[PDB]
file model.txt (compact mmCIF, C-alpha atoms and all ligand atoms)
# COMPACT_ATOMS: atom_id res chain seq x y z
CA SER A 27 10.13 -1.13 22.89
CA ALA A 28 7.15 -3.46 22.72
CA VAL A 29 6.41 -2.41 19.17
CA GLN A 30 9.94 -3.09 17.99
CA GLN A 31 9.87 -6.53 19.63
CA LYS A 32 6.59 -7.33 17.92
CA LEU A 33 7.82 -6.09 14.52
CA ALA A 34 10.95 -8.21 14.90
CA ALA A 35 8.81 -11.24 15.70
CA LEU A 36 6.59 -10.53 12.72
CA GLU A 37 9.66 -10.33 10.52
CA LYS A 38 11.04 -13.58 11.90
CA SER A 39 7.72 -15.29 11.27
CA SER A 40 7.59 -14.03 7.68
CA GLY A 41 10.97 -15.25 6.42
CA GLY A 42 11.72 -11.91 4.80
CA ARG A 43 13.13 -8.48 5.56
CA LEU A 44 10.74 -5.85 6.90
CA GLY A 45 11.27 -2.11 7.03
CA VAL A 46 8.91 0.22 8.81
CA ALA A 47 8.85 3.89 9.54
CA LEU A 48 6.07 5.66 11.38
CA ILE A 49 5.88 9.41 11.91
CA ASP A 50 3.27 10.55 14.40
CA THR A 51 2.71 14.19 13.50
CA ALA A 52 1.14 14.88 16.92
CA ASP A 53 4.59 15.05 18.55
CA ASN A 54 6.84 14.34 15.53
CA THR A 55 7.83 11.08 17.21
CA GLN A 56 9.18 8.33 14.96
CA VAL A 57 9.15 4.55 15.16
CA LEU A 59 11.66 2.82 12.93
CA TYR A 60 12.42 -0.79 12.11
CA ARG A 61 15.32 -1.24 9.69
CA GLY A 62 14.60 2.42 9.09
CA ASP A 63 17.94 3.18 7.39
CA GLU A 64 18.21 0.05 5.25
CA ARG A 65 17.57 0.26 1.54
CA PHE A 66 14.60 -1.44 0.06
CA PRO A 67 13.38 -1.64 -3.51
CA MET A 68 10.65 0.90 -3.94
CA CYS A 69 8.84 -0.69 -6.84
CA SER A 70 5.62 1.26 -7.49
CA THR A 71 5.90 3.35 -4.37
CA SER A 72 8.25 5.42 -6.53
CA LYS A 73 5.20 6.57 -8.51
CA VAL A 74 4.36 9.02 -5.75
CA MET A 75 7.62 10.91 -6.40
CA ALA A 76 7.02 11.04 -10.13
CA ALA A 77 3.52 12.35 -9.74
CA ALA A 78 4.61 14.90 -7.18
CA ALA A 79 7.41 16.07 -9.46
CA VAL A 80 4.89 16.76 -12.17
CA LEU A 81 2.65 18.53 -9.69
CA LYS A 82 5.62 20.71 -8.75
CA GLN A 83 6.09 21.61 -12.41
CA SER A 84 2.44 22.62 -12.63
CA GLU A 85 2.97 25.34 -10.03
CA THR A 86 4.66 27.36 -12.77
CA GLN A 87 3.08 25.74 -15.85
CA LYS A 88 -0.43 26.26 -14.62
CA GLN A 89 -2.17 24.27 -17.39
CA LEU A 90 0.36 21.42 -17.42
CA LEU A 91 -1.96 18.84 -15.93
CA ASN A 92 -4.40 19.31 -18.82
CA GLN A 93 -1.72 18.66 -21.43
CA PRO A 94 -2.70 15.69 -23.62
CA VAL A 95 -0.19 12.92 -24.00
CA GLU A 96 -0.57 10.32 -26.74
CA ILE A 97 -0.63 6.65 -25.72
CA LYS A 98 0.81 4.54 -28.51
CA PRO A 99 0.97 0.72 -28.70
CA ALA A 100 4.75 0.89 -28.29
CA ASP A 101 4.23 2.68 -24.98
CA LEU A 102 2.48 -0.25 -23.34
CA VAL A 103 4.54 -2.31 -20.96
CA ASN A 104 3.62 -5.14 -18.62
CA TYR A 105 0.84 -3.66 -16.45
CA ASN A 106 -1.24 -0.86 -17.96
CA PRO A 107 -4.80 -1.17 -16.74
CA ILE A 108 -5.74 2.40 -17.57
CA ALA A 109 -3.42 3.25 -20.44
CA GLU A 110 -4.68 0.18 -22.31
CA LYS A 111 -8.10 1.86 -22.37
CA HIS A 112 -6.66 4.85 -24.22
CA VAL A 113 -4.29 3.32 -26.75
CA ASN A 114 -4.24 5.43 -29.93
CA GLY A 115 -5.82 8.24 -27.97
CA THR A 116 -4.58 10.72 -25.40
CA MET A 117 -4.59 11.02 -21.64
CA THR A 118 -3.85 14.24 -19.82
CA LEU A 119 -1.00 14.47 -17.38
CA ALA A 120 -3.57 14.60 -14.60
CA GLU A 121 -5.15 11.40 -15.87
CA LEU A 122 -1.72 9.76 -16.15
CA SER A 123 -0.84 10.83 -12.63
CA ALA A 124 -4.11 9.44 -11.31
CA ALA A 125 -3.59 6.21 -13.20
CA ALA A 126 -0.06 5.77 -11.93
CA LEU A 127 -1.14 6.40 -8.38
CA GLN A 128 -4.57 4.81 -8.09
CA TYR A 129 -4.10 1.83 -10.41
CA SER A 130 -0.32 1.57 -10.39
CA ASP A 131 -0.27 1.88 -14.16
CA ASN A 132 3.25 1.33 -15.46
CA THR A 133 2.75 3.04 -18.80
CA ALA A 134 1.49 6.08 -16.96
CA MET A 135 4.61 6.08 -14.80
CA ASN A 136 6.82 5.94 -17.86
CA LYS A 137 5.03 8.94 -19.32
CA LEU A 138 5.57 10.85 -16.06
CA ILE A 139 9.25 9.92 -16.13
CA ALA A 140 9.52 11.16 -19.71
CA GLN A 141 7.83 14.44 -18.80
CA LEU A 142 10.50 14.93 -16.15
CA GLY A 143 13.38 14.21 -18.52
CA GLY A 144 14.18 10.71 -17.36
CA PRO A 145 14.73 9.00 -14.04
CA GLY A 146 17.30 11.64 -13.19
CA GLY A 147 14.52 14.22 -13.26
CA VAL A 148 12.52 12.27 -10.69
CA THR A 149 15.56 11.90 -8.50
CA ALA A 150 16.30 15.57 -8.84
CA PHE A 151 12.91 16.47 -7.46
CA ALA A 152 13.60 14.29 -4.44
CA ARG A 153 16.87 16.11 -3.89
CA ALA A 154 15.12 19.46 -4.28
CA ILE A 155 12.76 18.66 -1.41
CA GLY A 156 15.56 17.42 0.84
CA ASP A 157 15.46 13.69 0.20
CA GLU A 158 19.08 12.62 -0.25
CA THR A 159 18.25 8.91 -0.19
CA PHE A 160 15.70 8.27 -2.89
CA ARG A 161 17.12 7.18 -6.18
CA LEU A 162 15.27 6.32 -9.34
CA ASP A 163 17.53 4.75 -11.90
CA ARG A 164 15.29 2.88 -14.32
CA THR A 165 11.93 3.02 -16.01
CA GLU A 166 9.10 0.55 -15.91
CA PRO A 167 9.13 -2.38 -15.74
CA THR A 168 12.75 -2.99 -14.93
CA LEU A 169 12.76 -0.80 -11.84
CA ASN A 170 10.92 -3.67 -10.09
CA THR A 171 13.69 -6.24 -10.31
CA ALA A 172 14.33 -5.81 -6.57
CA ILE A 173 17.62 -7.69 -6.65
CA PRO A 174 19.12 -8.13 -3.18
CA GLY A 175 21.86 -5.63 -2.59
CA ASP A 176 21.23 -3.64 -5.74
CA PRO A 177 20.99 0.04 -4.79
CA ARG A 178 19.13 1.03 -7.93
CA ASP A 179 15.56 2.22 -7.43
CA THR A 180 15.71 2.08 -3.66
CA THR A 181 15.07 4.24 -0.68
CA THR A 182 14.93 3.77 3.04
CA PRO A 183 11.84 3.70 5.18
CA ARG A 184 12.95 6.71 7.17
CA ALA A 185 13.56 8.76 4.06
CA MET A 186 10.33 7.86 2.38
CA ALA A 187 8.28 8.57 5.47
CA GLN A 188 9.82 12.01 5.80
CA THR A 189 9.28 12.73 2.11
CA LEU A 190 5.71 11.49 2.10
CA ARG A 191 5.00 13.68 5.12
CA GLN A 192 6.42 16.73 3.34
CA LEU A 193 4.46 16.08 0.15
CA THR A 194 1.06 15.45 1.75
CA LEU A 195 1.03 17.19 5.12
CA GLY A 196 3.84 19.67 4.64
CA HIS A 197 4.37 22.31 2.04
CA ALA A 198 6.80 20.79 -0.46
CA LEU A 199 4.01 21.39 -2.94
CA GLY A 200 1.68 24.29 -3.51
CA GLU A 201 -1.68 24.22 -1.80
CA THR A 202 -3.70 23.09 -4.80
CA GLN A 203 -1.06 20.51 -5.72
CA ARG A 204 -0.86 19.05 -2.23
CA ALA A 205 -4.61 18.75 -2.10
CA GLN A 206 -4.63 17.01 -5.46
CA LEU A 207 -2.01 14.53 -4.37
CA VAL A 208 -3.94 13.77 -1.18
CA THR A 209 -7.11 13.28 -3.16
CA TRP A 210 -5.32 10.90 -5.50
CA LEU A 211 -3.81 8.87 -2.66
CA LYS A 212 -7.13 8.62 -0.81
CA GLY A 213 -8.63 7.20 -4.00
CA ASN A 214 -6.10 4.44 -4.38
CA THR A 215 -7.67 1.17 -5.51
CA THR A 216 -4.83 -1.30 -4.88
CA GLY A 217 -4.36 -1.00 -1.13
CA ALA A 218 -7.24 -2.86 0.49
CA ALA A 219 -5.16 -5.83 1.66
CA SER A 220 -2.09 -3.88 2.76
CA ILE A 221 -1.75 -1.17 5.46
CA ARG A 222 -5.50 -0.45 5.32
CA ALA A 223 -6.31 -4.03 6.36
CA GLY A 224 -4.50 -3.62 9.68
CA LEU A 225 -6.20 -0.36 10.62
CA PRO A 226 -9.60 0.56 12.07
CA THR A 227 -12.15 0.81 9.27
CA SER A 228 -13.03 4.33 10.44
CA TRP A 229 -9.57 5.75 9.72
CA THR A 230 -9.02 7.50 6.40
CA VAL A 231 -6.03 6.26 4.48
CA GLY A 232 -4.24 7.46 1.42
CA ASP A 233 -1.62 5.01 0.20
CA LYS A 234 0.46 3.73 -2.65
CA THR A 235 1.38 0.07 -2.92
CA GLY A 236 4.33 -1.52 -4.59
CA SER A 237 5.11 -5.02 -5.70
CA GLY A 238 8.07 -6.51 -7.43
CA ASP A 240 10.28 -9.50 -7.79
CA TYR A 241 11.78 -11.17 -4.71
CA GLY A 242 8.26 -11.10 -3.31
CA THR A 243 8.65 -7.41 -2.70
CA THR A 244 5.51 -6.07 -1.11
CA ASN A 245 5.39 -2.41 -0.14
CA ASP A 246 2.90 0.22 0.92
CA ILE A 247 3.29 3.82 1.95
CA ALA A 248 0.46 5.65 3.56
CA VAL A 249 -0.83 8.78 5.17
CA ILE A 250 -3.38 8.01 7.83
CA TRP A 251 -6.01 10.35 9.24
CA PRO A 252 -7.48 8.81 12.40
CA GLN A 253 -10.83 10.36 13.37
CA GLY A 254 -10.07 12.96 16.11
CA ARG A 255 -6.30 12.59 16.09
CA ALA A 256 -3.26 14.01 14.32
CA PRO A 257 -2.33 12.19 11.12
CA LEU A 258 0.34 9.57 10.85
CA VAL A 259 2.68 8.62 8.04
CA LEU A 260 3.50 4.92 7.78
CA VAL A 261 5.88 3.23 5.37
CA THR A 262 6.09 -0.56 5.25
CA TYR A 263 8.58 -2.25 2.94
CA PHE A 264 9.01 -6.01 2.69
CA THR A 265 11.21 -8.18 0.52
CA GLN A 266 12.13 -11.86 0.48
CA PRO A 267 15.12 -13.98 -0.37
CA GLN A 268 13.61 -16.00 -3.26
CA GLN A 269 13.33 -14.32 -6.65
CA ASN A 270 9.92 -15.91 -7.30
CA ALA A 271 8.49 -15.45 -3.81
CA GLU A 272 4.83 -14.68 -3.50
CA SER A 273 3.51 -11.31 -2.42
CA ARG A 274 2.92 -10.95 1.31
CA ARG A 275 0.46 -8.10 1.77
CA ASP A 276 -0.59 -9.70 5.06
CA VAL A 277 2.77 -8.76 6.51
CA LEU A 278 2.12 -5.11 5.82
CA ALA A 279 -1.37 -5.38 7.33
CA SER A 280 0.14 -7.01 10.41
CA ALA A 281 2.81 -4.37 10.74
CA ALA A 282 0.18 -1.64 10.57
CA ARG A 283 -1.88 -3.46 13.18
CA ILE A 284 1.13 -3.64 15.51
CA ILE A 285 1.80 0.08 15.04
CA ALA A 286 -1.85 0.97 15.58
CA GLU A 287 -1.99 -1.01 18.83
CA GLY A 288 0.94 1.00 20.20
CA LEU A 289 -1.04 4.27 20.13
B1 LIG A 301 4.14 -1.55 -9.00
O1 LIG A 301 5.00 -2.04 -8.00
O2 LIG A 301 2.65 -1.85 -8.72
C1 LIG A 301 2.33 -2.71 -9.81
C2 LIG A 301 3.30 -2.59 -10.87
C3 LIG A 301 3.59 -4.03 -11.51
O3 LIG A 301 4.71 -3.97 -12.37
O4 LIG A 301 4.46 -2.05 -10.34

call {"tool": "encode", "arguments": {"input": "model.txt", "output": "structure tokens", "more": "lines below"}}
Ligand SMILES: *[B@@]1([O])O[C][C]([C][O])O1
result
Amino acid sequence: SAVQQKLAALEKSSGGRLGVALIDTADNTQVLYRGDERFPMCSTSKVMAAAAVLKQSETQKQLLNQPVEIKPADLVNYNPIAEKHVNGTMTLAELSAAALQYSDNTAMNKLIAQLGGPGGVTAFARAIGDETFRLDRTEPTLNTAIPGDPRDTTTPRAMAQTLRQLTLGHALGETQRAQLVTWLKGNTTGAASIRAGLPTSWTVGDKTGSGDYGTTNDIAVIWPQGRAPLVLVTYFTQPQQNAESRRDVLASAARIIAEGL
């Protein structure tokens, strides 16, 4: 189709490897570009960790208010929110928000610990029908994004389906789903990524990711005004370990998708 020709041209122009999956929930139609190739998730994996904790809170009703101590040894490479609470506590809700809306890596590591390790995050994915997602490492090493390395990867198709289930479907309880949606809509790191290629009137909830090999990712739920929502996953990675981030590619891919509707 036209859209696949334009995405291929965008990829060729970029020098990297682009993966896209769009689900249009109006008719459950899908548009895929390298949809079944693995890509490093980087911080897009934070959505699964937060959702796993939300799932736990369906039974442990006060879990999100549980205080968690932030110690100096907990700080890793990128901790914009946790840094503000060193030698204090943050609740699991605050850690989830920080991981999602600021991409805080300490917060992610606390979520992973709450789940019993990366295997606990992966298990949640399996429990909701995602056979592809795998989380193998903690922060910051899950961002190494080494070509060919299957650790800490998923495919665009899988992540789009899972994001749909978590936000628009019923993989989570009603209060938990709403909380996740609220968190995603409040993301602060996404202005130059998918959002930049979409009409300013559309409501977007997204989670970005960035890593080595110039890996530049964004996953989003999109609520166009007067129109069924869309789920869009855009993954991008490059052949040079020290490549620069290319958020413009994700914006352009979103623009191409949006034009086709
Ligand atoms: B994710 O990908 O978003 C930012 C942090 C930086 O390590 O990880």

call {"tool": "axis_aligned_box", "arguments": {"input": "model.txt", "around": "ligand LIG 301 (chain A)", "padding_each_side": "3 Å", "output": "AutoDock Vina command-line options"}}
result
--center_x 3.7 --center_y -2.8 --center_z -10.2 --size_x 8.7 --size_y 8.5 --size_z 10.4

call {"tool": "closest_residue", "arguments": {"input": "model.txt", "among": "A:263, A:129, A:229, A:151", "to": "residue 187 of chain A", "atoms": "only C-alpha atoms"}}
result
A:263

call {"tool": "residues_around", "arguments": {"input": "model.txt", "residues": "residue 243 of chain A", "least_positions_apart": "3", "cutoff": "6 Å", "atoms": "all atoms listed in the file", "output": "list in words"}}
result
residues 237, 238, 240, 264 and 265 of chain A

call {"tool": "residues_around", "arguments": {"input": "model.txt", "residues": "residue 266 of chain A", "least_positions_apart": "2", "cutoff": "6 Å", "atoms": "only C-alpha atoms", "output": "PyMOL selection string"}}
result
chain A and resi 42+241-242+268

call {"tool": "residues_near_ligand", "arguments": {"input": "model.txt", "ligand": "ligand LIG 301 (chain A)", "cutoff": "6 Å", "atoms": "only C-alpha atoms and all ligand atoms", "output": "JSON, numbers by chain"}}
result
{"A": [69, 70, 105, 130, 167, 236, 237, 238]}

call {"tool": "closest_residue", "arguments": {"input": "model.txt", "among": "A:210, A:53, A:113, A:60", "to": "residue 29 of chain A", "atoms": "all atoms listed in the file"}}
result
A:60

call {"tool": "residues_around", "arguments": {"input": "model.txt", "residues": "residue 180 of chain A", "least_positions_apart": "5", "cutoff": "6 Å", "atoms": "all atoms listed in the file", "output": "ChimeraX atom specification"}}
result
/A:65-68,161

call {"tool": "atom_distance", "arguments": {"input": "model.txt", "atom1": "atom CA of residue 125 of chain A", "atom2": "atom CA of residue 178 of chain A"}}
result
23.9 Å

call {"tool": "atom_distance", "arguments": {"input": "model.txt", "atom1": "atom CA of residue 81 of chain A", "atom2": "atom CA of residue 203 of chain A"}}
result
5.8 Å

call {"tool": "residues_around", "arguments": {"input": "model.txt", "residues": "residue 214 of chain A", "least_positions_apart": "4", "cutoff": "8 Å", "atoms": "all atoms listed in the file", "output": "JSON, numbers by chain"}}
result
{"A": [127, 128, 129, 210, 232, 233, 234]}

call {"tool": "atom_distance", "arguments": {"input": "model.txt", "atom1": "atom CA of residue 78 of chain A", "atom2": "atom CA of residue 194 of chain A"}}
result
9.6 Å

call {"tool": "residues_around", "arguments": {"input": "model.txt", "residues": "residue 115 of chain A", "least_positions_apart": "2", "cutoff": "12 Å", "atoms": "all atoms listed in the file", "output": "ChimeraX atom specification"}}
result
/A:94-99,101,108-113,117-118

call {"tool": "closest_residue", "arguments": {"input": "model.txt", "among": "A:165, A:280, A:202, A:181", "to": "residue 82 of chain A", "atoms": "all atoms listed in the file"}}
result
A:202

call {"tool": "residues_near_point", "arguments": {"input": "model.txt", "point": "(5.8, 7.7, 1.2)", "cutoff": "7 Å", "atoms": "only C-alpha atoms", "output": "count of residues only"}}
result
7

call {"tool": "closest_residue", "arguments": {"input": "model.txt", "among": "A:162, A:182, A:221, A:285", "to": "residue 150 of chain A", "atoms": "all atoms listed in the file"}}
result
A:162
